[PDB]
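Please treat every number below as a calculation from the coordinates, not as lab data. As a convention, Cβ positions derive from the backbone with ideal geometry for all residues, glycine included, and neighbour counts pool all protein chains shown.
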Amino acid sequence: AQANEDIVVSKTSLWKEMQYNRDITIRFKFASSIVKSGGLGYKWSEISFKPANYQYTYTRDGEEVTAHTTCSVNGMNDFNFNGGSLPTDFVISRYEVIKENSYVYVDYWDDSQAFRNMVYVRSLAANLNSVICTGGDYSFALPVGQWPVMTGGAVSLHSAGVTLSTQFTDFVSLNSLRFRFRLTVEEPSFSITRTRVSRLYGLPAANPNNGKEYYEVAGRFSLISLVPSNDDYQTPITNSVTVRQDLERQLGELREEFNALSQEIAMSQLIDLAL
Amino acid sequence: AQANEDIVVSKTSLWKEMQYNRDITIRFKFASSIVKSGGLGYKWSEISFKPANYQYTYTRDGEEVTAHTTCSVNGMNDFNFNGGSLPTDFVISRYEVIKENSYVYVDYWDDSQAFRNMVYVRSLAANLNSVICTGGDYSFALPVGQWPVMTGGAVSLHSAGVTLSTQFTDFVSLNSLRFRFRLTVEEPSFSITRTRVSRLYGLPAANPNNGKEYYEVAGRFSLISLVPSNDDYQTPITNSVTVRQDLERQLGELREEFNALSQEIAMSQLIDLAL
Amino acid sequence: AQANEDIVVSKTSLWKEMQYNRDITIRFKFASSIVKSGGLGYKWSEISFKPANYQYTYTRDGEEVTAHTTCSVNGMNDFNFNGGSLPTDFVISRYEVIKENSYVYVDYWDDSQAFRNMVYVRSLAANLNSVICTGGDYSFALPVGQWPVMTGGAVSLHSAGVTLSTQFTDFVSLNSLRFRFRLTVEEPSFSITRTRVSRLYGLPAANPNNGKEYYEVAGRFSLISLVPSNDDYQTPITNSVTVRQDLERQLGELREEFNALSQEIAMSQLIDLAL
């Protein structure tokens, strides 16, 4: 049997149960959200994860296959480090770490025949190989003084159950395959340099990629889906999203008031610099 | 005939028409969005509603059924109250109130068989019982002076038409059932203490829940859906959302601007503290 | 024959293949996002496009049909204009323009039968006529100085391929038809007045509607869709979205910090009015 088979286990007039058994190259990537509190610059608000899309195009056995992957994390632990109540001590209100109790979700999609009209799926199963995700080096750019660097962190992702999901984005909506990963803490630990914290396992949520373009893991998946017998039917993929108009309005009002305040401030500095 | 039946009104080679007639306990909940303008703290920008999720797990007749509800409002009336044009007068540029002209929407979903692959439905109907919803007690936190409190408001929710809908979220996407509700004013009227306004009907948007963990209304729904005869197919439920990336970018630019302005202000405040 | 046909090209127990061929009135609309940087008010951070919803109701040949149209743009170029490094020169960090290399997407939907349970489509085609899109006059509200006005700009929208799409919103979710448009620059150019920029082509992202209520283009489409033979099945349309809760949380922290800073500024300014 080919590595990229496609078989029919039942076929009525309009519908047909098509089996698919195919190899895949999941190339995903974390993405971090860094919110820094105001004042001088010595207090950071959040260092968390954001679901991250990554579209690529790889080579199958004489075919070019475009893909779309989306990495997310669930059940992460919220740590924090506060060394003083004054505006000049380095503090991080809340930063996220990954351990055993957390999980790493990866939605995957391709331009192949398996994902063209997939809305129903049974007999789902996959053979995935394990990889090692290592964190990088994030230099907290303080206004003045020293520059602590959050450096280190290694954690091994192991295959787990598989499910379905939907990758929503501002361009495409994809009925996609959801691969789960569990975590086993590894030897390289992450530590904030020039600080009283070190030798704690996990992965940091500042620079997980470690300056990499992606994390690669190869796999195979096997399912049975409902596809119309005619191989010309198409399910809507693209999107045109206008969600959270109330949020857009809130942001517009905030920008208006912020421009008014900055105007008032620079006017106070202009009158105080017009002698 | 049972209360939670499951019938097969037809069956083809792959698909099947199934009828589902089931009892439900809609435990829903509102959620308010408050926005406080800058300046001193006597001026409020908006007090509105937001679509509010609530997931839970209730006992059926010997089954534990996990449920998921999402409330929302439409056609609400935007009242205002301005005591003057000064920084020190209490003013609320806009706050939302629920009345007869408006409608309340409640999306409902469960982990039962009626919802697993529900994409098509007909003969939809439900017999819901009416309830009462009373407003809360929201104490406007003013910087200095007395503390006005929005207190009162009671409206009875009457059952109306039933339809389908979709509960999108950052975790799950659900093909759900949409109960509609109309409103009738009641005797308890809402009013702001220490203010020249009172004896006006409706339900405030500051605290509708009245501190209740949820509002509860029982119901029953009967319908007929198209499901695959093989009860192993699964429709995609989970999500990994990255919608409004342009909005994320705008928020990042606004954070950068506000951090730079706060750093400027803090430096200008600290230069005067070196004597 | 008919202009609004509905044919049955095949039929089985529960499903069927229907062919719909209908005339339509695509009344779409552009929308701009004008972000103004802080400071004094001479510096503009960005002027971009945003996907624009517009819903209406128009008269077919004795039928009154409700419709919904969502415009978007893709591949738009980013131009910039800096007059100096000072706070007092009129600078536009970025404004978006449309040209040949770019494309305009229009997702279209009606309440007619062709869209009631459309999830699968084949033999999709369309005949569209060309229209003209022209820019208005966006006067930049400079606090002091002259008044630059971005004016002009005209482009011819020529039809292109048709596909499927999904219009998502905070209210409705529509499995819609995606008409694509390619562009050819016209003679009327866009120019900012009292400024050293003119005789450059494209469409300004400032006021693309030209003060109009919509841009109307007639059309006709033909397709072949899979529908339940029982013409009573309904697919979920309405929504209740709670997406980007983390973004809402970041915006709320931003608002709290901004209110605290504004309170500090206002107390600092009020303490100097006690004589």
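Fewest Cβ neighbours within 10 Å first, please rank C:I26, C:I271 accordingly. Display every interim value, and only then the final one.
Values: C:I26 22, C:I271 8.
The most exposed by this proxy come first: C:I271, C:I26.
In terms of the ratio Rg/(2.2 N^0.38 Å) built on C-alpha atoms, what value belongs to the protein assembly as shown?
So the protein assembly as shown has a normalised radius of gyration of 1.02.
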Quiz item: Using a label point 7 angstrom from Cα along Cα-to-C-beta, what distances in nm, from shortest up, separate C:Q2 from the other copies?
Solution: 4.4, 4.4
Quiz item: Of B:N259, B:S191, B:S240, whose Cα points farthest to the positive end of the dipole of chain B (charges on the beta-carbon: +1 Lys, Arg; -1 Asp, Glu; origin at the Cα centre)?
Solution: B:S191
Exercise. Would you kindly state how much longer the chain becomes between A:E100 and A:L200 on full extension, computed as 0.36 nm times their sequence separation minus their alpha carbon distance, in nm to one decimal?
Key: 34.7 nm
Practice problem: Under a 10 Å cutoff between Cα atoms, tell me which one of C:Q19, C:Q263, C:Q55 has the largest fluctuation in the Gaussian network model of chain C. | Solution: C:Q263
Self-check item: Which of C:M150, A:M76 has the fewest Cβ neighbours within 10 Å, and the rest in rising order
Solution: A:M76, C:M150
Practice problem: Please identify the longest segment of chain A free of exposed GluC sites (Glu not before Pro), where exposed means a DSSP state other than H, G, I, E or B and no more than 16 other Cβ atoms within 10 Å. | Solution: A:101-185
Practice problem: Give the nm distances, rounded to one decimal, from B:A260 to the matching residue in every other copy, measuring between label points 7 Å along Cα toward the beta carbon; shortest first. | Solution: 2.2, 2.3
Quiz item: Which distances in nm, rounded to one decimal and ordered from shortest, link the label point of A:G145 to the equivalent label points in the other identical copies, with labels set 7 Å from Cα toward Cβ?
Solution: 4.0, 4.0
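Just counting partner chain Cβ atoms within 10 Å, what average do the residues of peptide B:225-235 show around their Cβ? Mind showing how you got there, number by number?
Working: counts 1, 6, 1, 5, 0, 7, 1, 6, 11, 7, 6.
If you average over the peptide's residues, the count of other-chain Cβ atoms is 5.
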Quiz item: Where the centre of each part is set by its Cα atoms, how far does the range A:208-275 sit from the range C:35-81, in angstrom?
Solution: 16
Quiz item: Which whole-number percent gives the relative contact order of the range C:1-141, counting Cα pairs below 8 Å spaced six or more residues apart?
Solution: 18
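Taking the Cα centre of chain B as origin and charging only Cβ (+1 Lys, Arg; -1 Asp, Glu), how large is the dipole, in debye to the nearest 20?
On the way: 24 positive and 30 negative charges, 155 e Å.
It comes to approximately 740 debye.
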Self-check item: Approximate spin-label separation A:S268-C:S13, in nm, with each point projected 7 Å along Cα-to-Cβ
Solution: 7.7
Practice problem: Could you work out the relative contact order of the range C:98-216, using alpha carbon pairs under 8 angstrom and six or more residues apart, expressed as a whole percent? | Solution: 34
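Let's see if you can work this out: charge +1 on each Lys and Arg Cβ, -1 on each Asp and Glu Cβ, no other charges. What is the dipole magnitude of the protein assembly as shown about its Cα centre, in debye to the nearest 20? Display every interim value, and only then the final one.
Numbers: 72 positive and 90 negative charges, 31 e Å.
Rounded to the nearest 20 debye, it is 140 debye.
Please give the charge dipole size of the range C:42-197, origin at the Cα centre, charges +1 on K and R Cβ atoms and -1 on D and E Cβ atoms. Round to the nearest 20 debye.
Working: 12 positive and 15 negative charges, 84 e Å.
Using Cβ point charges on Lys, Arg, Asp and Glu, the range C:42-197 gives about 400 debye.
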Quiz prompt | Cα lying deepest toward the dipole's positive end in the protein assembly as shown, options B:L275, A:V91, B:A206, charges on Cβ | solution = B:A206
Self-check item: Of the trypsin sites (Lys or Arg not before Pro) in the range B:167-275, those whose Cβ has at most 13 other Cβ within 10 Å and which sit in DSSP loop
Solution: B:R194, B:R196, B:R199, B:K212
Quiz item: Tell me, what HN-Hα J-couplings in whole Hz come from the Karplus equation 6.51 cos²θ - 1.76 cosθ + 1.60 at θ = phi - 60° for each residue of the range B:202-207, using x for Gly and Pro?
Solution: x, 10, x, 9, 7, 8
Practice problem: Choose one answer from A:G75, A:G145, A:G202: the residue with the largest mean-square fluctuation in a GNM of chain A with alpha-carbon springs under 10 Å. | Solution: A:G145
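Give the calculated FRET efficiency between A:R220 and A:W147 to the nearest 0.05, with a Förster radius of 56 Å applied to their Cβ-Cβ distance. It would help to have the intermediate numbers written out before the result.
Working: r = 45 Å, r/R0 = 0.81.
FRET efficiency, A:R220 to A:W147: 0.80.
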Quiz item: Considering chain B as a Gaussian network with a 10 Å cut-off on Cα pairs, which listed residue, B:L86, B:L261, B:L177, attains the greatest mean-square fluctuation?
Solution: B:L261
Quiz item: So, counting K/R as plus one and D/E as minus one, what does the shell of residues with Cβ under 11 Å around B:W109 add up to?
Solution: -1
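Taking neighbour counts of Cβ atoms within 10 Å as a proxy for exposure, in what order, fewest first, do C:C133, B:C71 appear? Don't jump to the answer; show the numbers that get you there.
On the way: C:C133 23, B:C71 26.
Fewest-to-most Cβ neighbours within 10 Å comes out as C:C133, B:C71.
Mind checking B:65-77 for the average number of partner chain beta-carbons within 10 Å of each residue's beta-carbon? Display every interim value, and only then the final one.
Numbers: counts 0, 0, 0, 0, 1, 4, 1, 7, 1, 3, 0, 0, 0.
Per-residue shielding by partner chains comes out at 1.
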Quiz item: What average count of beta carbons from other chains do you get within 10 Å of the Cβ of residues in A:163-176?
Solution: 6
Practice problem: Could you compute the FRET efficiency for B:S156 and B:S189, with r as their C-beta to C-beta distance and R0 at 22 Å, rounded to 0.05? | Solution: 0.95
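Counting only C-alpha contacts under 8 Å and six or more residues apart, can you give the relative contact order of chain C as a whole percent?
The value is 22 percent.
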Quiz prompt | Estimated FRET transfer efficiency when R0 is 45 angstrom, pair C:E253-B:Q113 (beta carbons, to 0.05) | solution = 0.60
